[PDB]
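Next comes protein.cif, a file with mmCIF, N, CA and C atoms.
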data_query
#
loop_
_atom_site.label_atom_id
_atom_site.label_comp_id
_atom_site.auth_asym_id
_atom_site.auth_seq_id
_atom_site.Cartn_x
_atom_site.Cartn_y
_atom_site.Cartn_z
N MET A 1 114.62 93.31 90.91
CA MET A 1 113.90 94.58 90.63
C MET A 1 114.90 95.75 90.51
N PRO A 2 115.73 95.89 91.51
CA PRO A 2 116.73 96.97 91.51
C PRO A 2 117.93 96.60 90.63
N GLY A 3 119.01 97.33 90.74
CA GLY A 3 120.21 97.01 89.91
C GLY A 3 121.45 97.01 90.81
N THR A 4 122.60 96.77 90.24
CA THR A 4 123.84 96.76 91.06
C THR A 4 124.49 98.14 91.02
N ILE A 5 123.73 99.17 91.30
CA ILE A 5 124.28 100.54 91.27
C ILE A 5 125.17 100.70 90.04
N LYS A 6 124.58 101.04 88.95
CA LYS A 6 125.37 101.22 87.69
C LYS A 6 124.43 101.66 86.56
N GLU A 7 124.27 102.94 86.38
CA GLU A 7 123.37 103.44 85.30
C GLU A 7 121.96 102.90 85.51
N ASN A 8 121.28 103.38 86.53
CA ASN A 8 119.90 102.89 86.79
C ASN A 8 119.06 104.04 87.34
N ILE A 9 119.01 105.15 86.65
CA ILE A 9 118.22 106.30 87.15
C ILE A 9 116.76 105.91 87.29
N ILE A 10 116.37 104.82 86.72
CA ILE A 10 114.94 104.40 86.80
C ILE A 10 114.42 104.70 88.20
N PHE A 11 113.14 104.77 88.39
CA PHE A 11 112.59 105.06 89.73
C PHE A 11 112.90 103.90 90.66
N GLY A 12 114.15 103.53 90.75
CA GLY A 12 114.51 102.38 91.64
C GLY A 12 115.88 102.60 92.29
N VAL A 13 116.51 103.71 92.04
CA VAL A 13 117.84 103.96 92.65
C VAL A 13 117.66 104.69 93.98
N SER A 14 116.59 104.41 94.66
CA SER A 14 116.35 105.08 95.97
C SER A 14 116.67 106.57 95.85
N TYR A 15 115.68 107.38 95.58
CA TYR A 15 115.94 108.84 95.46
C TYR A 15 115.79 109.51 96.82
N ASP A 16 116.10 108.80 97.87
CA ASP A 16 116.00 109.36 99.25
C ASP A 16 114.89 110.40 99.32
N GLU A 17 113.78 110.13 98.67
CA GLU A 17 112.66 111.11 98.68
C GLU A 17 111.36 110.40 98.32
N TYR A 18 111.43 109.46 97.44
CA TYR A 18 110.20 108.72 97.03
C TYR A 18 109.40 108.35 98.27
N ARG A 19 110.02 107.66 99.18
CA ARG A 19 109.31 107.26 100.42
C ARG A 19 110.15 107.66 101.63
N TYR A 20 110.89 108.72 101.49
CA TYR A 20 111.75 109.18 102.62
C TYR A 20 111.50 110.67 102.89
N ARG A 21 110.84 111.34 101.99
CA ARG A 21 110.57 112.79 102.21
C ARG A 21 109.08 113.07 102.03
N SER A 22 108.25 112.32 102.70
CA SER A 22 106.78 112.53 102.57
C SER A 22 106.04 111.47 103.39
N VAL A 23 106.52 111.19 104.57
CA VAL A 23 105.86 110.16 105.42
C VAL A 23 105.84 110.64 106.88
N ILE A 24 106.99 110.92 107.44
CA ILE A 24 107.03 111.39 108.85
C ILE A 24 107.65 112.79 108.90
N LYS A 25 107.28 113.65 107.99
CA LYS A 25 107.85 115.03 107.99
C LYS A 25 106.77 116.03 107.58
N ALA A 26 105.61 115.93 108.17
CA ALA A 26 104.51 116.88 107.82
C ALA A 26 104.16 116.74 106.34
#

Here is the file; what I need is its structure written in the form of structure tokens.
Amino acid sequence: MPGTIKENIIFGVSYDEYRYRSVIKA
């Protein structure tokens, strides 16, 4: 599903926000 970190802006390069900035932070 993911890639080997190399030109993969797709919604799969972990944007430290998709599911990291909207779960346990109000």

request  = Provide the atom N of residue 26 in chain A to CA of residue 1 in chain A distance in Å, to one decimal place.
outcome  =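 Those two atoms sit 28.8 Å apart.
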
ask   = What does the PyMOL selection byres ((chain A and resi 12-25) around 7) select in this file, as a PyMOL selection string?
value = chain A and resi 1-3+8-11+26

As AutoDock Vina command-line options, what would the box around range 11-20 of chain A look like: edges along x, y and z, 6 Å added on every side, centre and edge lengths in Å to one decimal?
--center_x 113.6 --center_y 106.7 --center_z 95.6 --size_x 20.5 --size_y 20.7 --size_z 26.5

Can you patch up chain A, filling it in to N, CA, C and O atoms, and show the result as a PDB file, keeping the file's coordinate frame?
ATOM      1  N   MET A   1     114.620  93.310  90.910  1.00  0.00           N
ATOM      2  CA  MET A   1     113.900  94.580  90.630  1.00  0.00           C
ATOM      3  C   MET A   1     114.900  95.750  90.510  1.00  0.00           C
ATOM      4  O   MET A   1     114.881  96.475  89.535  1.00  0.00           O
ATOM      5  N   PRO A   2     115.730  95.890  91.510  1.00  0.00           N
ATOM      6  CA  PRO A   2     116.730  96.970  91.510  1.00  0.00           C
ATOM      7  C   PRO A   2     117.930  96.600  90.630  1.00  0.00           C
ATOM      8  O   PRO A   2     117.880  95.653  89.868  1.00  0.00           O
ATOM      9  N   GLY A   3     119.010  97.330  90.740  1.00  0.00           N
ATOM     10  CA  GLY A   3     120.210  97.010  89.910  1.00  0.00           C
ATOM     11  C   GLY A   3     121.450  97.010  90.810  1.00  0.00           C
ATOM     12  O   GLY A   3     121.365  97.229  92.000  1.00  0.00           O
ATOM     13  N   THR A   4     122.600  96.770  90.240  1.00  0.00           N
ATOM     14  CA  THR A   4     123.840  96.760  91.060  1.00  0.00           C
ATOM     15  C   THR A   4     124.490  98.140  91.020  1.00  0.00           C
ATOM     16  O   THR A   4     125.661  98.283  90.736  1.00  0.00           O
ATOM     17  N   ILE A   5     123.730  99.170  91.300  1.00  0.00           N
ATOM     18  CA  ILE A   5     124.280 100.540  91.270  1.00  0.00           C
ATOM     19  C   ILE A   5     125.170 100.700  90.040  1.00  0.00           C
ATOM     20  O   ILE A   5     126.371 100.508  90.094  1.00  0.00           O
ATOM     21  N   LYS A   6     124.580 101.040  88.950  1.00  0.00           N
ATOM     22  CA  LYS A   6     125.370 101.220  87.690  1.00  0.00           C
ATOM     23  C   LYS A   6     124.430 101.660  86.560  1.00  0.00           C
ATOM     24  O   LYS A   6     123.872 100.847  85.850  1.00  0.00           O
ATOM     25  N   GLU A   7     124.270 102.940  86.380  1.00  0.00           N
ATOM     26  CA  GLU A   7     123.370 103.440  85.300  1.00  0.00           C
ATOM     27  C   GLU A   7     121.960 102.900  85.510  1.00  0.00           C
ATOM     28  O   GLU A   7     121.480 102.070  84.771  1.00  0.00           O
ATOM     29  N   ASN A   8     121.280 103.380  86.530  1.00  0.00           N
ATOM     30  CA  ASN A   8     119.900 102.890  86.790  1.00  0.00           C
ATOM     31  C   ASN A   8     119.060 104.040  87.340  1.00  0.00           C
ATOM     32  O   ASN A   8     118.460 103.935  88.392  1.00  0.00           O
ATOM     33  N   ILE A   9     119.010 105.150  86.650  1.00  0.00           N
ATOM     34  CA  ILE A   9     118.220 106.300  87.150  1.00  0.00           C
ATOM     35  C   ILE A   9     116.760 105.910  87.290  1.00  0.00           C
ATOM     36  O   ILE A   9     115.979 106.634  87.884  1.00  0.00           O
ATOM     37  N   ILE A  10     116.370 104.820  86.720  1.00  0.00           N
ATOM     38  CA  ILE A  10     114.940 104.400  86.800  1.00  0.00           C
ATOM     39  C   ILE A  10     114.420 104.700  88.200  1.00  0.00           C
ATOM     40  O   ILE A  10     115.198 104.875  89.124  1.00  0.00           O
ATOM     41  N   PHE A  11     113.140 104.770  88.390  1.00  0.00           N
ATOM     42  CA  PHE A  11     112.590 105.060  89.730  1.00  0.00           C
ATOM     43  C   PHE A  11     112.900 103.900  90.660  1.00  0.00           C
ATOM     44  O   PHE A  11     112.022 103.333  91.280  1.00  0.00           O
ATOM     45  N   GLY A  12     114.150 103.530  90.750  1.00  0.00           N
ATOM     46  CA  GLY A  12     114.510 102.380  91.640  1.00  0.00           C
ATOM     47  C   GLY A  12     115.880 102.600  92.290  1.00  0.00           C
ATOM     48  O   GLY A  12     116.369 101.754  93.009  1.00  0.00           O
ATOM     49  N   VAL A  13     116.510 103.710  92.040  1.00  0.00           N
ATOM     50  CA  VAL A  13     117.840 103.960  92.650  1.00  0.00           C
ATOM     51  C   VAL A  13     117.660 104.690  93.980  1.00  0.00           C
ATOM     52  O   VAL A  13     118.483 105.490  94.376  1.00  0.00           O
ATOM     53  N   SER A  14     116.590 104.410  94.660  1.00  0.00           N
ATOM     54  CA  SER A  14     116.350 105.080  95.970  1.00  0.00           C
ATOM     55  C   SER A  14     116.670 106.570  95.850  1.00  0.00           C
ATOM     56  O   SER A  14     117.796 106.983  96.012  1.00  0.00           O
ATOM     57  N   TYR A  15     115.680 107.380  95.580  1.00  0.00           N
ATOM     58  CA  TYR A  15     115.940 108.840  95.460  1.00  0.00           C
ATOM     59  C   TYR A  15     115.790 109.510  96.820  1.00  0.00           C
ATOM     60  O   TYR A  15     115.404 110.661  96.906  1.00  0.00           O
ATOM     61  N   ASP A  16     116.100 108.800  97.870  1.00  0.00           N
ATOM     62  CA  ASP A  16     116.000 109.360  99.250  1.00  0.00           C
ATOM     63  C   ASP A  16     114.890 110.400  99.320  1.00  0.00           C
ATOM     64  O   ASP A  16     115.024 111.443  99.930  1.00  0.00           O
ATOM     65  N   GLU A  17     113.780 110.130  98.670  1.00  0.00           N
ATOM     66  CA  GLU A  17     112.660 111.110  98.680  1.00  0.00           C
ATOM     67  C   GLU A  17     111.360 110.400  98.320  1.00  0.00           C
ATOM     68  O   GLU A  17     110.303 110.711  98.836  1.00  0.00           O
ATOM     69  N   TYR A  18     111.430 109.460  97.440  1.00  0.00           N
ATOM     70  CA  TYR A  18     110.200 108.720  97.030  1.00  0.00           C
ATOM     71  C   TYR A  18     109.400 108.350  98.270  1.00  0.00           C
ATOM     72  O   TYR A  18     108.237 108.674  98.408  1.00  0.00           O
ATOM     73  N   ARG A  19     110.020 107.660  99.180  1.00  0.00           N
ATOM     74  CA  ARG A  19     109.310 107.260 100.420  1.00  0.00           C
ATOM     75  C   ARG A  19     110.150 107.660 101.630  1.00  0.00           C
ATOM     76  O   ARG A  19     110.133 107.025 102.663  1.00  0.00           O
ATOM     77  N   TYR A  20     110.890 108.720 101.490  1.00  0.00           N
ATOM     78  CA  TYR A  20     111.750 109.180 102.620  1.00  0.00           C
ATOM     79  C   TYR A  20     111.500 110.670 102.890  1.00  0.00           C
ATOM     80  O   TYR A  20     111.907 111.197 103.905  1.00  0.00           O
ATOM     81  N   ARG A  21     110.840 111.340 101.990  1.00  0.00           N
ATOM     82  CA  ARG A  21     110.570 112.790 102.210  1.00  0.00           C
ATOM     83  C   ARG A  21     109.080 113.070 102.030  1.00  0.00           C
ATOM     84  O   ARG A  21     108.685 113.939 101.284  1.00  0.00           O
ATOM     85  N   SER A  22     108.250 112.320 102.700  1.00  0.00           N
ATOM     86  CA  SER A  22     106.780 112.530 102.570  1.00  0.00           C
ATOM     87  C   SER A  22     106.040 111.470 103.390  1.00  0.00           C
ATOM     88  O   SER A  22     105.049 110.920 102.967  1.00  0.00           O
ATOM     89  N   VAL A  23     106.520 111.190 104.570  1.00  0.00           N
ATOM     90  CA  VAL A  23     105.860 110.160 105.420  1.00  0.00           C
ATOM     91  C   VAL A  23     105.840 110.640 106.880  1.00  0.00           C
ATOM     92  O   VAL A  23     104.795 110.768 107.486  1.00  0.00           O
ATOM     93  N   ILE A  24     106.990 110.920 107.440  1.00  0.00           N
ATOM     94  CA  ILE A  24     107.030 111.390 108.850  1.00  0.00           C
ATOM     95  C   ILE A  24     107.650 112.790 108.900  1.00  0.00           C
ATOM     96  O   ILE A  24     108.474 113.087 109.744  1.00  0.00           O
ATOM     97  N   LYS A  25     107.280 113.650 107.990  1.00  0.00           N
ATOM     98  CA  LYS A  25     107.850 115.030 107.990  1.00  0.00           C
ATOM     99  C   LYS A  25     106.770 116.030 107.580  1.00  0.00           C
ATOM    100  O   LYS A  25     106.985 116.888 106.750  1.00  0.00           O
ATOM    101  N   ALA A  26     105.610 115.930 108.170  1.00  0.00           N
ATOM    102  CA  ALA A  26     104.510 116.880 107.820  1.00  0.00           C
ATOM    103  C   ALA A  26     104.160 116.740 106.340  1.00  0.00           C
ATOM    104  O   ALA A  26     103.032 117.031 105.983  1.00  0.00           O
TER     105      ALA A  26
END
